[PDB]
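Each answer follows from the model by the rule given with it, or from the source it names; these are not laboratory values. Heads up, the Cβs are rebuilt from the backbone with ideal geometry, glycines too, and the neighbour counts pull from every protein chain shown.
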Amino acid sequence: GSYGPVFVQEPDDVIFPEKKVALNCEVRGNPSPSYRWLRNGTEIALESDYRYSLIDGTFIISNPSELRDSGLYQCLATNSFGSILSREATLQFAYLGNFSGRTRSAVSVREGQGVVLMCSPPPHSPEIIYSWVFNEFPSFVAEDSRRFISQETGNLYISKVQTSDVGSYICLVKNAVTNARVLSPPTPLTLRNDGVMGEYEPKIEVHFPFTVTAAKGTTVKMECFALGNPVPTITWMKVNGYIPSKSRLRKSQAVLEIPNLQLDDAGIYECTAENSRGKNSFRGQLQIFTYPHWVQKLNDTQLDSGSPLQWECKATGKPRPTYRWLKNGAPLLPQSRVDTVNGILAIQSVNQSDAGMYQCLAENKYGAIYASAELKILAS
């Protein structure tokens, strides 16, 4: 019949590793709406670059470049009855360099001493996986409570070096997105002959961050590992609390994994490394937030030309989100007929000029959500 633009599909976040990027947008409306794409708040002119084509709201870039094309993209859909703006979608890029070609000096340690072999990975993105190899690939390093690989530092941690450990160690890096894979030069591991090392209490050489902030429903991995003789044992504890039963110990107790974060799971977490000569511990903080989510959106409304109007948006989230309103993609300033307090829109006596698309925003530090509806004015 006759109605303003309504979102059927909105842009999703995309990470580019066939050299093409596609950003999605689709709306239904009568007459058929036309689309417009912004980047970083400013409208893109599709003519300004031949790499930019558009196929039914779907924004496409052939030959994507990280510098030229990175940013936040939005979809501006309009017809005769008004305009609506989509959520901001991130366009970022995956990339993986090669290791340094320089020979890596032999590392010499006493028998029974612990060692930390440096990965020293190439320039890359946060979306990678570390891996180590003994002498030759694919002869991967056996992982246990004496040999641990940090997925945060990339380094290989060996607690109580013995004769069998003597050899060369090669670091590996796979980018999960691009699937690419690069290898380091060998690092020789040798044993001194200036006597051996005795027994000593464990020393934590890698741990999880002092502070982390994760979203509800996500998974967090907290690694903690020490160098000791005898080989340390690692135990976990929530300070003045409880390790949630849903959690699982991984990589020989060195990793505590808490799937499905809830506001409850927030708190201080302590790992403890221990042998027969003493203990050492580390405390880190985990705090959980939640993205904004709609409780009460705004629906389409018809209203007689002299009637009052009161629209209300209600949303959840931590921290509590704030609200701001749009009419046809443009902000609604105060000191005008259209009054807005938090998530409430009020007009004392509407009129024909007020007919158009309206949007409600709920937002906090971590995200902003949108809701739209058409306001029709029955004429006098």
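Residues checked against (1) hydroxyl-bearing (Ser, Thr, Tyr); (2) closer than 21 Å to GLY97 by Cα:
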{"site": "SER120", "(1), (2)": "yes, yes"}
{"site": "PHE140", "(1), (2)": "no, no"}
{"site": "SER150", "(1), (2)": "yes, yes"}
{"site": "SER159", "(1), (2)": "yes, no"}
{"site": "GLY167", "(1), (2)": "no, no"}
{"site": "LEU172", "(1), (2)": "no, yes"}
{"site": "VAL177", "(1), (2)": "no, yes"}
**OP:** Return a yes/no flag: does the stretch 152-159 have any residue that is surrounded by fewer than 19 Cβ atoms within 10 Å (Cβ to Cβ) and either more than 30 Å from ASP13 (Cα to Cα) or touching a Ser or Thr at 6+ places or on another chain (Cβ under 7 Å) (or both).
**Re:** no
Original post:
Does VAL14 satisfy being surrounded by 14 or more Cβ atoms within 10 Å (Cβ to Cβ), under 30 Å from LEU191 (Cα atoms), out of contact with any helix residue (DSSP H, G or I) (no Cβ under 7 Å at 6 or more places or on another chain) and not small (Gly, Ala, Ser)?
Top reply: no
**OP:** Please work out if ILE344 is more than 24 Å from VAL8 (Cβ to Cβ), within 27 Å of the chain's Cα centre (by Cα) and of a type in the set (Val, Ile, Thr).
**Re:** no
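What number of residues within the stretch 35-53 are surrounded by 16 or more Cβ atoms within 10 Å (Cβ to Cβ) and not aromatic (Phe, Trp, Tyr)?
Step one: filter the stretch 35-53 for residues surrounded by 16 or more Cβ atoms within 10 Å (Cβ to Cβ), giving 35-39, 44, 51-52.
Remaining after also requiring not aromatic (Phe, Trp, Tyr): 36, 38-39, 44, 51.
Qualifying residue count, the stretch 35-53: 5.
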Original post:
Which strands (runs of 3 or more DSSP E) does the stretch 4-94 wholly contain that include 3 or more residues that are closer than 22 Å to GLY367 by Cβ and in contact with a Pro (Cβ under 9 Å, 6 or more places away or on another chain)?
Top reply: 71-79, 89-93
**OP:** Filter the stretch 55-70 down to residues that are in contact with a strand residue (DSSP E or B) (Cβ under 7 Å, 6 or more places away or on another chain) and of a type outside the set (D, E, K, R), then give me how many there are.
**Re:** 8
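On the given criteria, is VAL231 over 25 Å from the mean Cα position of the chain (by Cα), farther than 22 Å from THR290 by Cα and either of a type in the set (A, V, I, L, M) or not assigned by CATH to the domain that holds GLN162 (or both)?
Values: over 25 Å from the mean Cα position of the chain (by Cα): yes; farther than 22 Å from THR290 by Cα: yes; either of a type in the set (A, V, I, L, M) or not assigned by CATH to the domain that holds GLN162 (or both): yes.
Criteria met by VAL231.
Residues that are of a type in the set (A, V, I, L, M, F, W, C) and out of contact with any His (no Cβ under 8 Å at 6 or more places or on another chain): list the strands (runs of 3 or more DSSP E) wholly contained in the stretch 115-192 that include at least 3 such residues.
Values: elements: 115-117, 128-134, 147-149, 156-158, 167-175, 181-183, 187-191.
Counting at least 3 such residues, we get 115-117, 128-134, 167-175.
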